[PDB]
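These protein sequence lines are chains A and B, in that order. In case it helps, PDB author numbering puts the first sequence at residues 235 to 359, 366 to 478, 491 to 758. First residue of the second sequence? That's 542 in PDB author numbering, and the numbers climb one at a time after it. Here the structure comes first, spelled out in structure tokens, and everything after it is commentary.
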Amino acid sequence: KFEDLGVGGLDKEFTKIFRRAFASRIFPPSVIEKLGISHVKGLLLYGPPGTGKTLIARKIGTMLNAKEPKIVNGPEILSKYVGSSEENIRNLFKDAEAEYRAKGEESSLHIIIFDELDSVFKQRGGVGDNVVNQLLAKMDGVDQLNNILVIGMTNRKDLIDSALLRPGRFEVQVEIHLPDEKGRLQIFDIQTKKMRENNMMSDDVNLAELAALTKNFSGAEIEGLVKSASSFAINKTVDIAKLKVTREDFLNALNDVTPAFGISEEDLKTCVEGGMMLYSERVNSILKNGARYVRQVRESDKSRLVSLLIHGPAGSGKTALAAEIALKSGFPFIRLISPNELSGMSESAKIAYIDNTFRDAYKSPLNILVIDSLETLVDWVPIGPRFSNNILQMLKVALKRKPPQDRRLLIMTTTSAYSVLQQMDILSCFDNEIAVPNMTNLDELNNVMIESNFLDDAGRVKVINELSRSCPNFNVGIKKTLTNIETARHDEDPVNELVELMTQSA
Amino acid sequence: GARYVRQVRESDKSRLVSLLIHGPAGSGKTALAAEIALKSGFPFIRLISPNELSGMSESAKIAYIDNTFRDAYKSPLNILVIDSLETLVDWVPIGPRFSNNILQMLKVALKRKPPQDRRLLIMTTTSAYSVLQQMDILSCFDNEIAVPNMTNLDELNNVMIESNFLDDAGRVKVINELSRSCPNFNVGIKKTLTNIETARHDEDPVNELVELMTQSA
Ligand SMILES: Nc1ncnc2c1ncn2[C@@H]1O[C@H](COP(=O)(O)OP(=O)(O)OP(=O)(O)O)[C@@H](O)[C@H]1O
Ligand SMILES: Nc1ncnc2c1ncn2[C@@H]1O[C@H](COP(=O)(O)OP(=O)(O)OP(=O)(O)O)[C@@H](O)[C@H]1O
Ligand SMILES: Nc1ncnc2c1ncn2[C@@H]1O[C@H](COP(=O)(O)OP(=O)(O)O)[C@@H](O)[C@H]1O
């Protein structure tokens, strides 16, 4: 029916394909001749990479007899001699034409698989125009040819020429989603079949739990997971005929693998390497508000987009709070945009990266995406002043677009130049705002130094008393506090350095 | 809008009509334009938004606009909606920087008659009337509609009854509170709806909505 072959999770799409594509190649030729209808001569199926497009193409080829598929990929076609970039697109149709001319209407179906159709075949109006014209004149031209079928696969369907998508050239258009919970269960069933019949899979593994634990897995990462678990088991063993793979191997392999549409733990973990100390009452309120907004986004029906701004004095430790709020939510898709990643690229590459990261957040059920700085991304310098308009306009457009279909998003941006944003007139894109004030007190410093154990209580008391008698209006961020504490620790005497540093810093 | 559509359909000399719907930001202009478009029946309707010219290059944007306009000249009746027009010509008020080529293209393309005996109606929205005045581009439009804000409490009550939030008692309490808690009241529909939705979650009682409306206004 559909799953007797190796494809799981794709049910509706395959019914559509079977009804529209192979509903005229199965019936007796007499009936179809009486009806007076031709055959479909194209198929464009698009979606995120690594989801099972080539597999379905090859299975379609196999299930209908047909010769071996002829495979090609976009950028390989081009050459650097006149008339060679289009000769390659002409050599793919020779054999089918010859067989059609020789045999007639009893020929055998031929298949041609095209990969990355949006790299060369872009709207015309150069080598590109010639290539598009040469394919256009060959797919449907003056000479009839109805013993062929060409499949095309792509990830961006809104760049292909507008005449290559007309009934007669590429008639059927299909979309491939990511697997659902049942899709993952079925994929697991298909993949763990050799180890099942051959009696080398323990009786403790419960694939339902494994499917439930894997979220946003793409269907190929499952294959990697199972293979890695099997390799782990064998390598642990080396009784060679008594190998058994248990739950522990699978769980370890799962722990090792990192999905492509999942959390990026390392960055969000190194962003908070200094630790989260509750030095006052504000921190709890900030975190509570963050949690409130997370919950609102999760449980709403009409609120499918929420953009949040967090701002305050420099050094107040703003990115750490955002990272902690993100790390205590549980969403399956978390991503970060920081100046470190972008540095070194050109403006065009910067825009491309900022756009692609926003186009991968519309293919998952629940997401959360963090933007850092927002003033160094725009290249701001106060003399003249200077900055980049293109990136600014890109970010402005991206912060107001609702996600497609039924999805959800929570953008969270940090800044420390409120006034500049006000001048640029960009403050209408944000829904709610949070402020992060810095330390103005002495008990806070005492709490910080007890939590960091700067010294024994004797020196701590002495230094706090000295500062109380000297500095009345202590006002500094938490980064400078920590760095000064460390510097004093590695230096000699508390009052000699710590007090002097604090006095010169406040 | 209905009058203008009817004029463009059944006439002899009017073969190109422009418009300009302008008002304060958040007043809900694009919704009105879309509603006027959906109740016409014209065979051909298309829309140009900043959401589609995202991440492109300038030349690509010009080519896209050119192709759209060219495709609009091959059918008997047509309509064409344009959004912003201060964001397509990316405008930042400091310097002030913007793009001139796209501006000139749009300025030349809004005064060209369709070939032969075709007809065309164009609706373009904006929120920077003063900027357009300064650019000296206000001569390309044949008329100008205006969209104002909300300026009464009964309108808020109507919005509430339509949004299923008041529950009668809440209506009375919140209206009475805001009667003396705010002398002047002016807010767009978008922000009002957002405030209602966010108020629904926590403390459905009048307090939350009162604070939200007071701070927003
Ligand atoms: N609430 C907090 N309690 C304790 N430490 C904190 C807190 N918030 C931030 N930090 C510390 O701040 C350190 C660095 O702060 P971070 O660089 O995030 O600050 P920032 O103000 O966003 O930076 P920038 O100066 O680049 O604008 C981290 O090592 C983290 O431990
Ligand atoms: N006449 C109306 N009656 C009821 N709701 C309306 C009306 N006009 C607009 N809306 C609402 O406005 C919301 C969308 O606002 P819209 O996009 O039209 O605003 P806008 O003026 O284009 O905004 P902006 O200036 O921020 O781009 C929708 O929720 C729509 O229902
Ligand atoms: N629905 C599925 N069922 C079983 N295996 C799948 C499925 N989808 C993808 N795969 C696995 O992914 C690989 C197929 O490559 P594919 O993802 O089609 O490449 P691309 O999608 O980039 O063309 C094979 O290893 C195949 O087993």
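In this text, a Cβ means the ideal position worked out from N, Cα and C, and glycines have one as well.
Separation of the CB atoms of residue 661 of chain B and residue 608 of chain B is rounded to 16 Å, and the pair is thereby denied contact status at 8 Å.
For residue 470 of chain A, the enclosing alpha helix (DSSP H) has its first and last residue at 461-477. Scanning its chain for C-beta atoms nearer than 8 Å, with the 5 sequence neighbours on each side dropped, one finds around residue 643 of chain A the residues 599, 602, 603, 606, 629, 630, 631, in chain order.
Under a criterion of Cβ atoms nearer than 7 Å, no residue of chain B is adjacent to residue 598 of chain A; the nearest Cβ is some 13 Å distant. According to DSSP, residue pairing for residue 585 of chain B in a beta bridge involves B:619.
The Cβ neighbour count for residue 746 of chain B, taken over all protein chains shown within 10 Å, is under 16; the residue is labelled exposed. The residue from A:303, A:284, A:301, A:678 with its alpha-carbon nearest to that of residue 633 of chain B is A:678. Distances from the CB of residue 434 of chain A to the heavy atoms of ligand 3 are all 6 Å or more.
Residues of chain B whose Cβ lies closer than 9 Å to the Cβ of residue 351 of chain A do not exist, since the nearest Cβ in that chain is about 19 Å away. For residue 534 of chain A, there are no CB contacts under 6 Å within the same chain when 5 residues up- and downstream are skipped. A Cβ-Cβ distance of about 5 Å is found for the pair residue 727 of chain A and residue 692 of chain A, placing them in contact under the 8 Å criterion. Going by C-alpha positions, residue 526 of chain A is about 38 Å away from residue 741 of chain B. For residue 571 of chain B, the CB falls within less than 6 Å of some heavy atom of ligand 2. Residues of the segment 575-598 of chain B with a C-beta less than 9 Å from any C-beta of chain A: 591, 592, 593, 594, 595, 596, 598, listed in chain order. One alpha carbon belongs to residue 239 of chain A, the other to residue 292 of chain A, and they sit about 11 Å apart. In the DSSP annotation of this structure, the continuous segment of the beta strand (DSSP E) that includes residue 562 of chain B starts and ends at 561-563. Legend: CB atoms of the segment 543-574 of chain A lying less than 7 Å from CB atoms of chain B belong to residues 548, 554, 555.
In the structure shown, residue 638 of chain B falls within a strand segment according to DSSP collapsed to helix, strand and coil.
For the pair residue 667 of chain B and residue 707 of chain B, the CB atoms are not nearer than the 7 Å cut-off. Taking all protein chains in view, the Cβ of residue 587 of chain A is crowded by 16 or more other Cβ atoms within 10 Å, so the residue is classified as buried.
Around the C-beta of residue 514 of chain A, 16 or more other C-beta atoms lie within 10 Å, and the residue is accordingly described as buried. Here residue 357 of chain A carries a coil assignment [DSSP, helix/strand/coil]. Of the candidates A:241, A:309, A:384, the residue whose Cα lies closest to the Cα of residue 272 of chain A is A:384.
The count of Cβ pairs closer than 8 Å, one atom from the segment 574-590 of chain B and one from the segment 686-703 of chain A, stays below three, leaving the stretches out of contact.
Among the CB atoms of chain B, none fall inside 7 Å of the CB of residue 409 of chain A. Of all residues in the segment 648-672 of chain A, only 648, 649, 650, 652, 653 come within less than 9 Å of chain B when Cβ atoms are compared, listed by chain position. Judged by their CB atoms, residue 542 of chain A and residue 688 of chain A are not nearer to each other than the 7 Å cut-off. Chain-ordered listing is empty here: chain B has no CB closer than 8 Å to the CB of residue 530 of chain A, the nearest sitting near 24 Å. As the crow flies, the alpha-carbon of residue 396 of chain A is around 40 Å from that of residue 636 of chain A. In the DSSP assignment, residue 662 of chain A falls within the beta strand (DSSP E) that extends over 662-667. Contact between the segment 332-346 of chain A and the segment 294-302 of chain A is present: 3 or more CB-CB pairs across the two stretches fall below 8 Å.
Interface flag for residue 491 of chain A against chain B is unset, since no Cβ pair is found closer than 7 Å. In the three-state DSSP reduction, residue 613 of chain A falls in the coil class, being neither helix nor strand. For residue 284 of chain A, the Cβ falls inside the 6 Å cut-off from some heavy atom of ligand 3. DSSP, read as helix, strand or coil, puts residue 742 of chain A in helix.
With respect to residue 440 of chain A, residue 503 of chain A sits apart: the two C-beta atoms are not nearer than 7 Å.
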